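Visitor:
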Amino acid sequence: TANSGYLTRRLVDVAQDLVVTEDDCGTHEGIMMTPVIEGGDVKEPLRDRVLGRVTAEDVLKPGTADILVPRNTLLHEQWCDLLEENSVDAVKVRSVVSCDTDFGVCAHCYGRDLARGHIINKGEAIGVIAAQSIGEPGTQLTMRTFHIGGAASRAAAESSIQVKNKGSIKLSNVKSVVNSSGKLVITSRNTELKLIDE
Amino acid sequence: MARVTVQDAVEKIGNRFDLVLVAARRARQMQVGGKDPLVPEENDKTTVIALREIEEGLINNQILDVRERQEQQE
Amino acid sequence: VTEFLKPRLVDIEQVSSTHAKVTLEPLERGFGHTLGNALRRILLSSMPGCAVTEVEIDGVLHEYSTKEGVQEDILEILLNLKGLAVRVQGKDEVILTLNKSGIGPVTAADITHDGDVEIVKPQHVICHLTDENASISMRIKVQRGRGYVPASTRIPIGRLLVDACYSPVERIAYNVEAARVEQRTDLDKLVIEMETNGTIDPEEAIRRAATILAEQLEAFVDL
Amino acid sequence: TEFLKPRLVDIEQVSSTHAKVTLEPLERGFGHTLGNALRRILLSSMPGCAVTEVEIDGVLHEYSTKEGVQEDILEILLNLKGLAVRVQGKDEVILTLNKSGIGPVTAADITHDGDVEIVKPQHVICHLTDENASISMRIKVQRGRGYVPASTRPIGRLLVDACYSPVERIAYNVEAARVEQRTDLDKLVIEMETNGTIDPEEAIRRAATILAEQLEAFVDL
Amino acid sequence: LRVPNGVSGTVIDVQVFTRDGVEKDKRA
Amino acid sequence: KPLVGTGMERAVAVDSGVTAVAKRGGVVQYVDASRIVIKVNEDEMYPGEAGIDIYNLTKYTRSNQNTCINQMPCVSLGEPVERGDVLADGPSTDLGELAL
Amino acid sequence: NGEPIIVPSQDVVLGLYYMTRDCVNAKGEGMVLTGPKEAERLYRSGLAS
Amino acid sequence: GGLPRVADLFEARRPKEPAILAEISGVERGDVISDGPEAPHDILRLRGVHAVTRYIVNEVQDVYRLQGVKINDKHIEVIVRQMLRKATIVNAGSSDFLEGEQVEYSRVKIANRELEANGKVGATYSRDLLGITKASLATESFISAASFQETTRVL
Amino acid sequence: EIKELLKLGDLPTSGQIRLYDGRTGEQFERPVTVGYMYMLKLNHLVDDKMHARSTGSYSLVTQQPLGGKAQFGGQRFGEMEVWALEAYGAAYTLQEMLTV
Ligand SMILES: [Zn+2]
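Residue numbers (the working numbering), protein chains in the order written: chain S, 2 to 199; chain F, 9 to 82; chain Y, 2 to 224; chain W, 755 to 975; chain U, 29 to 56; chain B, 72 to 171; chain A, 75 to 123; chain G, 78 to 232; chain E, 426 to 525.
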């Protein structure tokens, strides 16, 4: 609990200053949100990755020269359903780090504040909220350790890989050699396997 | 209704942090000054009368500023 | 001593014609539950009134059968008849005839009038005739009884039994809150929310239930 | 469309405190309706007598001891709390107890009085262990209902918690019956277990009167 | 004034100590 | 007493020192709410000793945590007494057992 | 995050899914009803499970 | 077992076995030469703030996801932006800053905007990455730094 | 052995009996586990933990209310509570809890 409290205090004291100060800085760049999966089960689908984040650039549907949604708009639940229906892969959204405002952040880049359900107003202390949000789970889950009874939370390591669904195979950033048996033997440290449908 | 939730009260203003309108001027001039409440009191304490007034739509920053200007002249 | 507090019917609020709420304060600690539960059971299971119990339609014989010319299902017809409210003055059992031809809705106004039958809501819908030429002729049995009598418990080749909801009460509920006279907090407040089918007002039903319980208790009281 | 009003058909007394009362005939769905209300009224609203003040000549407070008596003053008060008495026409009465010599000081030692009646003379209050030792107490008995703590209510007067309720256990049951060739009817059998102070029929009639008086208000006006 | 707040009870024991040489007064 | 126990209550109650244990056997000559007097058996008394045992009990003395310490006799007149028998019950004790 | 904080737990869920869970061949199965009010009346009266 | 990884990530501690990244393209910029743990400083100075933000957010979310707790990314992004506030200037330009100095990024931005407004030459700079302790201890205001910790040094 | 002992005393083997609702006199739908269990009253009573202050005495070097129920002192509004008030954006409540 002491380590968790120290981490929380350090986060609060480092990120105490920034507050919303402006409505729209006017920039264009942003980071690219893509869905994340861990071995066959989508932990975070694309819907909640950009739920409440304003679009940066080129969010057009997979149809050439036609735009599904205009620029600099906030994604509601119906907007997210529209994205899911057309199955958009990844979207570029503007974030807090790539903002041009001085001594603070503007309302649009931060996006929707999760407590209220709409876009963030002016004068809300983002930094303290972020620090508390990052700090609470560590100390809470540390305190809740003895509930399980001290049993080891060890999951058996997987010796092999079996694909859940049928699809084409794909190898990304792979350097390999062929042994006598002919099986592809991986010789690169960061070889990744991605399963792609038809 | 108004005692439980102020969502309708803030819908007219549009900013939750702009409660300075409700408290700093309306409730104060009701409590200390001789200003009479608009809506019936219903035995409610002050600061709930004002919230009801903004909820219905009689009190807003422009209206209070205009009224202040009216009592500025003599 | 041998004296207790008397609430004296603090208030009644009418939501609609047949919906109401009644509030009594204060009561002796624990008497609210007794009064509320006794009234609820008596109102829900023992009040007498008249209602439809069986039907006969010449065209049909089976409950799951089908009949052409009507939009509503046979089960829907049975349910609509079950929802009908009737008042009878001086007869135990009544036979009613309903005949209709044309296209459009069929309501309670189309039923042939009898001397003792009174319908509170002619606006009640029975079925819809989407075929212009087709006609419907049917017979309805009305009986006076007590409480709810399901059709499965009870069980005339073409007679279809109807779950008879004789008691005029549609929904009864109660709740107990804490009331306070000066220097006393453990007392009780009773609120009763009631809704009837339109035969009588809820206040009259409450009065009838209280009277029934009083008559039941008349034998043991010394006074 | 006729209601049958029940009547109290017989009373049975298995012991001096355990009794059974039967009501017949009852309509369907009324046995539980009557039984639950009667139980909830009997368990909480019956009147009775209890001990409220005990005064001993040679003591000052409860946290003390007297020479010759085996028990503490606190245990003496706790034993006197369980005394069962009956009073006829007075609200409050005063009883006196005087004893000397070795022996169990029991309820029968209380001076015999015309109107106050003792139910269990074999109930023991204390013990005396010395020939020269002697005890003398005064008791005040009132009438009421419910549980009245001493905190809610001269040096040497000891206040004791009052438990006026004379009823300890109620258990009702509904049984099938054949009264007048009508299978819908049934009978209600109520088992009462008290301290022997209140008669069963009087308690039943008092409960019915209480419920009827409460029901009088439900005639809307 | 001296018995504190809401706690209330019965006085069961009273002890007294006086400095040596000074004669005891009244109750002591 | 605890209806379901482990059998270790007697040892704790006896070795706690809150109870009053009998040093010598005999017969209870006198019992009271604050004293016990035991007539010691013949073979246990000293040649010059009178032959009585006097136990004084503790009545309503506060503890460190402001609780109550009290002792109640659990014997009557004329009862035989052996060595180690529990004469009186201290706080949270019932006939020589730990009762919490 | 977007999830709410006031979520029923413990006894509330215990009652709720017990209300909503079904059983085979209970008392009163296979019956047609007017609406929820009749269902409440049938349950409180004891004519149906 | 995982919280110390989060503390190290937010403190920007050195991996002590850094991976080699090609500083200048010619091999492309940001490529890997010898495999190993990637230091955040190298990722930043070779691929911009966006790549280091992605790296830190992904690593922290990876640590937090096993336990099952859900934290939105914008909070970690705010923290990451809060860490990187200082810059080292490589060419002075027409401004008053001299050689390689650690200065606040906003002051540099207003200085560059003013110089571009007045028809002069702006300054050129590179980011820095600082741990939360170092970033909080090195700010414009000294009251906050004193009230945080290490009161004697700051005072 | 527990089941045999229960069977000896004429009680159900499963240990659960049908209970009835006190207020409505209606049978609970499922059998209920009832029995005898041994309970203790720990020395944390609400009679002693309750406290409240409006205005009393203050410290010397820093004119703030003292701490502790014995001295009739107020509660402490620490750093984390200030962070919570800041996160809500409550600026007047903080200013009254820090100065007035
Ligand atoms: Zn921006």
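Heads up, the beta-carbon is just placed ideally off N, CA and C, and yes, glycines get one too.
In chain order, what residues of the same chain lie with their CB nearer than 7 Å to the CB of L510 (chain E), ignoring the 5 residues before and after it?
Guide: So the list reads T518, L519, once near-sequence residues are dropped.
Visitor: Going by C-alpha to C-alpha distance, which of W:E778, W:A966, W:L788, W:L792 sits closest to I924 (chain W)?
Guide: For the residues W:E778, W:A966, W:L788, W:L792, the minimum Cα distance to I924 (chain W) belongs to W:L792.
Visitor: So for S221 (chain G), helix, strand or coil by DSSP?
Guide: Correct three-state label for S221 (chain G): helix.
Visitor: Does the beta carbon of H127 (chain G) fall short of 7 Å from some heavy atom of ligand 1?
Guide: Outside the cutoff, so no.
Visitor: Got a sec? Which residues, its chain only, sit under 7 Å from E426 (chain E) by beta carbon, not counting five neighbours each side?
Guide: None.
Visitor: Quick one: which chain W residues come within Cβ less than 7 Å of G440 (chain E)?
Guide: Those within 7 Å of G440 (chain E) in chain W number zero; the least Cβ separation is about 22 Å.
Visitor: Going by DSSP, what residue range makes up the alpha helix (DSSP H) through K432 (chain E)?
Guide: That run of the alpha helix (DSSP H) goes 427-433.
Visitor: What do you get for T19 (chain Y), buried or exposed, if any count of 16 or more other CB atoms within 10 angstroms of its CB means buried?
Guide: Buried.
Visitor: What number of angstroms, rounded off, separates the C-alpha of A35 (chain F) from the C-alpha of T216 (chain G)?
Guide: Between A35 (chain F) and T216 (chain G), the C-alpha separation is close to 41 Å.
Visitor: For ligand 1, is there a heavy atom less than 7 Å away from the beta-carbon of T146 (chain S)?
Guide: It does not: the Cβ of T146 (chain S) is nowhere closer than 7 Å to a heavy atom of ligand 1.
Visitor: Do you know how far the Cα of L444 (chain E) is from the Cα of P437 (chain E)?
Guide: So the two alpha carbons sit approximately 13 Å from each other.
Visitor: In angstroms with no decimal places, state the Cα-to-Cα distance between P46 (chain S) and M34 (chain S).
Guide: In a straight line, the C-alpha of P46 (chain S) is about 11 Å away from that of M34 (chain S).
Visitor: Answer yes or no: the CB of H109 (chain S) versus the heavy atoms of ligand 1, is any distance below 7 Å?
Guide: Yes, since a heavy atom of ligand 1 falls inside the 7 Å radius drawn around the Cβ of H109 (chain S).
Visitor: Have a look at the DSSP bridge pairing and note the partners of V111 (chain B).
Guide: B:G97.
Visitor: So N122 (chain S) contacts chain F; which residues on that side make the cut at Cβ distance below 8 Å?
Guide: Result: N23, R24, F25.
Visitor: Would the beta-carbon of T102 (chain S) be found less than 7 Å away from any heavy atom of ligand 1?
Guide: Because some heavy atom of ligand 1 lies under 7 Å away, the Cβ of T102 (chain S) counts as near it: yes.
Visitor: According to DSSP, simplified to helix, strand and coil, what is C81 (chain S)?
Guide: DSSP places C81 (chain S) in helix when its eight states are reduced to three.
Visitor: For chain Y, find out if any of its Cβ atoms is closer than 8 Å to the Cβ of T94 (chain A); answer yes or no.
Guide: No, no contact with chain Y.
Visitor: Establish whether the CB of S138 (chain Y) and some CB of chain A are separated by less than 8 Å.
Guide: Cβ-Cβ to chain A under 8 Å: no for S138 (chain Y).
Visitor: Name the DSSP bridge partner or partners of residue 308 (chain Y)?
Guide: Residue numbering for chain Y in the displayed model covers 2 to 224; residue 308 (chain Y) lies beyond these limits and cannot be assessed.
Visitor: Under a three-way DSSP split, which group does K101 (chain A) fall into?
Guide: Coil at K101 (chain A), not helix or strand.
Visitor: Just verifying my parser: in three-state terms, what is the DSSP assignment at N180 (chain S)?
Guide: Coil.
Visitor: Give a yes or no on whether the C-beta atoms belonging to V143 (chain Y) and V87 (chain Y) are separated by under 8 Å.
Guide: Contact: yes.
Visitor: Measure the CB-CB distance between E26 (chain Y) and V11 (chain Y) and report whether it falls below 8 Å.
Guide: Cβ atoms of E26 (chain Y) and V11 (chain Y): closer than 8 Å.
Visitor: Relative to the C-alpha of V167 (chain G), which residue among G:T210, G:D108, G:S111, G:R204 is closest?
Guide: The candidate whose alpha carbon is nearest that of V167 (chain G) is G:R204.
Visitor: First and last residue of the beta strand (DSSP E) that includes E809 (chain W)?
Guide: Per DSSP, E809 (chain W) belongs to the beta strand (DSSP E) from 802-810.
Visitor: Leaving aside the five residues before and after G42 (chain F) along the sequence, list all residues of the same chain whose C-beta is less than 8 Å from its C-beta, in chain order.
Guide: Around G42 (chain F): no qualifying Cβ.
Visitor: Thinking C-alpha only, which one of G:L214, G:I220, G:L232, G:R230 is nearest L12 (chain S)?
Guide: Comparing Cα-Cα distances from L12 (chain S) to each of G:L214, G:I220, G:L232, G:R230, the minimum goes to G:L214.
Visitor: Residues in the same chain with beta-carbon distance under 7 Å from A31 (chain F), minus the five sequence neighbours each way, listed in chain order, please.
Guide: Closer than 7 Å at the Cβ level, and outside the excluded window around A31 (chain F), lie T55.
Visitor: Which residue's Cα is closest to the Cα of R48 (chain S): S:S160, S:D18, S:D90, S:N73?
Guide: With distances taken between Cα atoms, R48 (chain S) lies closest to S:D90.
Visitor: Taking three-plus beta-carbon pairs below 8 Å as touching, is the stretch 106-123 of chain G in contact with the stretch 58-77 of chain S?
Guide: In short, these stretches do not touch, since the Cβ pair count stays below three.
Visitor: Can you tell me whether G139 (chain S) is helix, strand or coil according to DSSP?
Guide: Helix, per DSSP.
Visitor: Using a beta-carbon distance below 8 Å, is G50 (chain Y) in contact with chain W?
Guide: For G50 (chain Y), the answer is no, since every Cβ of chain W falls outside 8 Å of its Cβ.
Visitor: Let me know if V180 (chain G) comes out buried or exposed under the rule of 16 or more other beta-carbons within 10 Å of its beta-carbon.
Guide: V180 (chain G) should be labelled buried.
Visitor: Measure from the C-beta of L166 (chain B) to each C-beta in chain E and report whether the shortest distance is under 8 Å.
Guide: No, no contact with chain E.
Visitor: How would you write the range of the beta strand (DSSP E) that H772 (chain W) sits in, first residue to last?
Guide: First-last of the beta strand (DSSP E) with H772 (chain W): 772-780.
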